[PDB]
Structure formats: C-alpha cells, structure tokens
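> Residue numbers (the deposited numbering), protein chains in the order written: chain i, 264 to 278, 285 to 289, 296 to 329; chain m, 148 to 151, 158 to 179, 182 to 196; chain o, 103 to 153; chain F, 5 to 341. Using N, Cα and C, we set each Cβ at its ideal position, and we do this for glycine too. For reference, the structure I am asking about is given below.
Structural data, given as structure tokens:
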C-alpha cells in the first residue's frame, strides 16, 4: 500500500480534456495497466476503497 | 488535438540566398520555417 | 495509434512555429519599418542635396 | 532497514566500493535485450534487460550477468555498432564483441590510441560519436582536439583544432556542417567534415539571456533536431535556432544539466538534481519524475528494432544503480551494479 500510494503521489496527472456502455467490474489485465493510471476515476475508486477499508 | 504576417512566395523564393532558401524544402513545414527565419533576418 | 502519432508530430510542428513567432514578435513590424525607411531616405536625400 | 550487514573485510570493502560508485556511460546491444554500463573503477556490467523486463523475474535477475574489468582508468564513454561495443577508457578505445562478452573468454578486438602532444597527463576521452554514411568514429577529450578514426583500419585521418579547453559532448544532424561540439571553453562549434574546418561558433555565455556567471561557463550537453539545438550545462538550458544562432527559449531550472535529448515531442533532462526533467518545446515544465540517484549523468532511450518489449528509458549517475522507466511518470525498478 505504501508503494502504490508512492506511485500515486509521484505520477501527478494534473489534468479540460473531459470537456471534449458501462464498465462494471475492474479489468484485471496485464496489458493495460497504464491507461488506468492516466485516468482519475480509477484513482478515485482505489482511494475510496482504501477509505472504506480504513 | 488542442493547440495554440507573410511573404509572397515567388518574392521569397527569388530574393533569399540559397542558404536560407533551402532548395531541399521545395515539405511545407521546412518551407514555413524558411519563411519565418527569413522574416527574422 | 497512427492518427495520434501524426497528431503529436503536428503538435511539435506548431510548437516550433510558436517558438519562432515569439522571437519575431520581440522585433518591430515590417511595413511600418518600410514606411519610416522611405521617410528617412527622402529626408536623407534632401539633407544630402542641401549639404 | 539495514537488511544485509557485511561482517567481513572483503564484504565491507565491496560495500564501500558500491557506496562510492559512479556510473558514467550506457550503451545498448544491437538487439534490445542487453544493456552495458560503464563504471567509475573501469569496470563494465552487462544487464539482461529482456530478462529483467520479463514476467518471470527474480531478485537476482537485476544483477550483471557478466561484469568485467575493462580499463585501468574510468570508463567515460561507450558506443555500440551493428556488431561491436566500443569503450573509451584511460586514454584509448577498446572494442568488444557482443557475442563473446557473454561467454567466458572476454577478449578485445583491438586497442587504438590517438596521437597526442606528448604531455605527461594521458588525457581522457569524454565523448564518442559514431558516424554513419562512412565507417568512422570521432574522439574528443582532454586533448582539446577532434580526432577522426576509420573503423576498418586503425588510422587517424582528421584532426580538428577549434576549442580552448576540453570537450564534453558531440552531436550529429546529417546536413552540410553535420557535427556540433561543445566544451569547457563555453562555445558550441560546427565542424564540416569535408573541408575539415570550423564554419560557425555559438558562444552561449556571451548572450546575457543565458549567462549565469555563478556556475561558470561550461557546456555539458547538446542535442539536434536537424534545425534546432538544446545547449545546457553551466549557463542555462537554452533552445537555439541553427542558421540564425538566436536564443529562442530558456528552460527555467536552477540545477546544472549534464545530459539532454529529444523525445517524440518532449525534452528530457537530468543533472545535479534527483529527478528526470520533462520539458515541453515551448518552455513549460511538463513533469519531474524522481529517480533513485542523488544526481544523474546519463539517459538512454532504448529505441531498437526487433525488440519492442525493450523500449524503456534508463538513467544513471552518482550511484551504483540504474533506474529503468517503463513509463514516463514513475520508475519501475532499478538494476544494481
């Protein structure tokens, strides 16, 4: 968890891109793994899941 | 896909020295760069 | 993938254009310089004739 | 936190050498699969990069598969060809085979030393430039002179004399001048290979937009886009327009930058700071990705055909380890020397 939160702190998205079919479960795929880290909704889901666990 | 004067073409092509004319550009990209630095000089 | 490679190349070209244009815009205009050169040439010809 | 305690004279000495290690040079194999790292102590490590990037990866896979003593003094420069690994060490260039350096033999092909002024210093070789379109190699270092060597026969053809102090870096842009060279004297010089003369000189410290007299005048890094130039080091990280020699934009950073390169549409930089600096060409700081070293001296994009899986950015500097970036926002892992 400290390594993953370190990655989240160090990536620093800093994103008007959203101004320009629903995926229900997580997509546990080896090949993607970076299109999800570039998104903010995925980070919101993981941080909310941490807060619900805590 | 979000991004941020001029010279007549024959006058530019016939007045500039061949160092700044860049006869290998006869691509539009290097052509516009040749127009820009010719306007600067 | 092919369109986004072409898009980032065009974006680099636009940034090169902006980089040259910002340096050009630290210098004064072209046509106004031609007008004041014509005026200074006429005044210099008159002063040379008087001299 | 102190996991491994050495407890022994040999292992304490090895921990002291690892603690005081500087990694100067990096080279990539003709395939993507291998990496080569030069050492402070004249050693060379060989990194199985495809084995490190594999799904099956052990903690002992981030170790040199072959490390070997190769030079008496430090290894300041490597370069790689279609078949060879050229390494400039003490004052001379050795050549190694990629097929044989993995084996137990590890013999050299040749040993070439350029002619000098016979001063009692044995000067260094800071930059190796591998020139295509003709089998050649440009040597530059503490002799303050550019030497050209044929790759087939060990004969030295051209000697170029323009700098005052020694040279840090070389460049190539495939036009009529085609060779940039930057040095400790503070001037980027252009060297036409046909006439073997100097055709243009850009003094970066003379321009008041770039000067910064506190750090001094020394040019550590150059880069070419065949029309542009990025010059950095002592004065400032500056974007020059060639054929005009005008400072277009300045990249606002305090630490001196030891290396620079062109990405697809970014500018990568590294220096006395800890992080890798990602700039936009307009002059906006896009990112700063922290590395494991206190300072970095070398970046390498591993853009090689026939191995797309070995497409990473490798960084090295004042440490005994190499940071590997599989993505440009975070480090994936680090290879111990």
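1) Scan the region 241 to 252 of chain F for residues whose Cβ lies nearer than 8 Å to a Cβ of chain o and list them as they occur along the chain.
2) Hey, is residue 141 of chain o's beta-carbon within less than 8 Å of any beta-carbon in chain m?
3) I'd like to check one pair, residue 299 of chain F with residue 319 of chain F: are the Cβ atoms closer than 8 Å?
4) Bridge partners for residue 25 of chain F per DSSP, in chain order?
5) What are the start and end residues of the beta strand (DSSP E) that includes residue 276 of chain i?
6) Can you give me the C-alpha to C-alpha distance between residue 289 of chain F and residue 160 of chain F, rounded to a whole angstrom?
7) Where do the ends of the beta strand (DSSP E) carrying residue 283 of chain F lie?
8) Per DSSP, residue 233 of chain F forms a beta bridge with which residues?
9) Should residue 310 of chain F be labelled buried (16 or more other beta-carbon atoms within 10 Å of its own) or exposed?
10) Could you list which residues in chain F have their beta carbon closer than 8 Å to that of residue 122 of chain o, in chain order?
11) Between residue 243 of chain F and residue 114 of chain o, which are expected to be in contact by the criterion C-beta below 8 Å, what is the C-beta distance as a whole number of angstroms?
12) Using alpha carbons as the reference points, say which of F/19, F/248 and F/293 lies closest to residue 7 of chain F.
13) Closer than 8 Å by C-beta to residue 162 of chain F: which residues in its own chain qualify, once you throw out the five before and the five after it? Chain order, please.
14) With a 10 Å radius around its C-beta and 16 neighbouring C-beta atoms as the bar for buried, classify residue 281 of chain F as buried or exposed.
15) What are the start and end residues of the beta strand (DSSP E) that includes residue 151 of chain o?
16) Short of 9 Å Cβ to Cβ, which residues in the region 213 to 240 of chain F face chain m?
17) Output, in chain order, the set of chain i residues within a Cβ distance shorter than 7 Å of residue 331 of chain F.
18) Looking only at C-alpha atoms, which of m/164, m/172 and m/159 sits nearest to residue 246 of chain F?
19) With 16 other CB atoms within 10 Å as the buried threshold, where does residue 252 of chain F fall?
20) What whole-angstrom Cβ distance do residue 170 of chain F and residue 188 of chain F have, given they're in contact under 8 Å?
21) Where does residue 165 of chain m sit, in a helix, a strand or coil, going by DSSP?
22) Hey, how far is the Cα of residue 79 of chain F from the Cα of residue 44 of chain F?
23) Counting only beta-carbon atoms, is residue 158 of chain m nearer than 8 Å to chain F?
24) Could you confirm whether any beta carbon from chain i is found closer than 8 Å to the beta carbon of residue 334 of chain F?
25) Would the beta-carbon of residue 326 of chain F fall within 8 Å of that of residue 41 of chain F?
26) Pull out every residue of the region 277 to 309 of chain F whose Cβ sits closer than 8 Å to any Cβ of chain C, in chain order.
27) For a quick check, are the C-beta atoms of residue 225 of chain F and residue 236 of chain F less than 8 Å apart?
28) Check residue 144 of chain F in the structure and name its three-state DSSP category.
29) Closest to residue 257 of chain F by C-alpha separation, out of F/249, F/268 and F/273, would be which residue?
30) In chain F, which residues lie with their C-beta within 8 Å of the C-beta of residue 110 of chain o?
31) Whole beta strand (DSSP E) runs in the region 171 to 201 of chain F with 3 or more residues, listed along the chain?
32) According to the neighbour-count rule (16 or more other Cβ atoms, all chains shown, within 10 Å of its Cβ), is residue 74 of chain F buried or exposed?
33) Answer yes or no: does any C-beta atom of chain o fall closer than 8 Å to that of residue 187 of chain m?
34) Against residue 273 of chain i, what residues of chain F qualify as contacts under a CB-to-CB distance less than 8 Å, listed in chain order?
35) If I'm right that residue 143 of chain F touches residue 118 of chain F with Cβ under 8 Å, what's the distance once you round it to whole angstroms?
By the coordinates alone:
1) Of all residues in the region 241 to 252 of chain F, 243, 245, 250 and 252 have a Cβ within less than 8 Å of some Cβ in chain o.
2) Not an interface residue.
3) Pairing residue 319 of chain F with residue 299 of chain F gives a Cβ-Cβ distance that is not under 8 Å.
4) In the DSSP output, where bridge partners are listed per residue, residue 25 of chain F has none listed.
5) For residue 276 of chain i, there is no enclosing beta strand (DSSP E), since its DSSP letter is neither H nor E.
6) Straight across, the Cα-Cα distance linking residue 289 of chain F with residue 160 of chain F is about 43 Å.
7) Residue 283 of chain F: member of the beta strand (DSSP E) spanning 279 to 284, first to last residue.
8) For residue 233 of chain F, the pairing in a beta bridge is given by DSSP as F/228 and F/244.
9) By the Cβ-count criterion, residue 310 of chain F is exposed, with fewer than 16 other Cβ atoms from all chains shown falling within 10 Å of its own Cβ.
10) Under the 8 Å cutoff, chain F gives 245 and 252.
11) Contact doesn't hold; Cβ gap of about 13 Å is too wide.
12) That would be F/19, whose Cα lies nearest to the Cα of residue 7 of chain F.
13) Around residue 162 of chain F: 150, 151, 152, 197 and 200.
14) Residue burial is scored here from C-beta neighbours: residue 281 of chain F has at least 16 other C-beta atoms within 10 angstroms and is therefore classed as buried.
15) Premise fails: residue 151 of chain o lies in the alpha helix (DSSP H), 133 to 152, not in any beta strand (DSSP E).
16) For the region 213 to 240 of chain F, the set of positions with a beta-carbon nearer than 9 Å to some beta-carbon of chain m reads 231 in chain order.
17) What residue 331 of chain F touches in chain i: 309.
18) Considering only alpha carbons, the answer is m/172.
19) Counting the other CB atoms within 10 Å of its CB gives residue 252 of chain F a total of 16 or more, which places it among the buried residues.
20) With 8 Å as the limit, residue 170 of chain F and residue 188 of chain F qualify as a contact, their Cβ atoms being about 5 Å apart.
21) Under the three-state reduction of DSSP output, residue 165 of chain m falls in the helix class.
22) The alpha-carbon atoms of residue 79 of chain F and residue 44 of chain F are separated by roughly 7 Å.
23) It does not: the Cβ of residue 158 of chain m has no partner Cβ on chain F nearer than 8 Å.
24) For residue 334 of chain F, the closest Cβ of chain i is nearer than 8 Å.
25) Pairing residue 326 of chain F with residue 41 of chain F gives a Cβ-Cβ distance under 8 Å.
26) Going by chain labels, chain C is absent from the structure shown, which instead holds the protein chains i, m, o and F.
27) With respect to residue 236 of chain F, residue 225 of chain F sits close: the two C-beta atoms are nearer than 8 Å.
28) The three-state secondary structure of residue 144 of chain F, taken from DSSP, is strand.
29) The candidate whose alpha carbon is nearest that of residue 257 of chain F is F/273.
30) Chain F residues near residue 110 of chain o: 268 and 269.
31) If you keep only unbroken beta strand (DSSP E) runs of at least 3 residues inside the region 171 to 201 of chain F, you get 171 to 174, 184 to 187 and 191 to 196.
32) Per the 10 Å Cβ criterion, buried.
33) A Cβ of chain o is located within less than 8 Å of the beta carbon of residue 187 of chain m.
34) Per Cβ cutoff of 8 Å: 293, 294, 333 and 334.
35) The Cβ separation is near 6 Å, so the contact holds.
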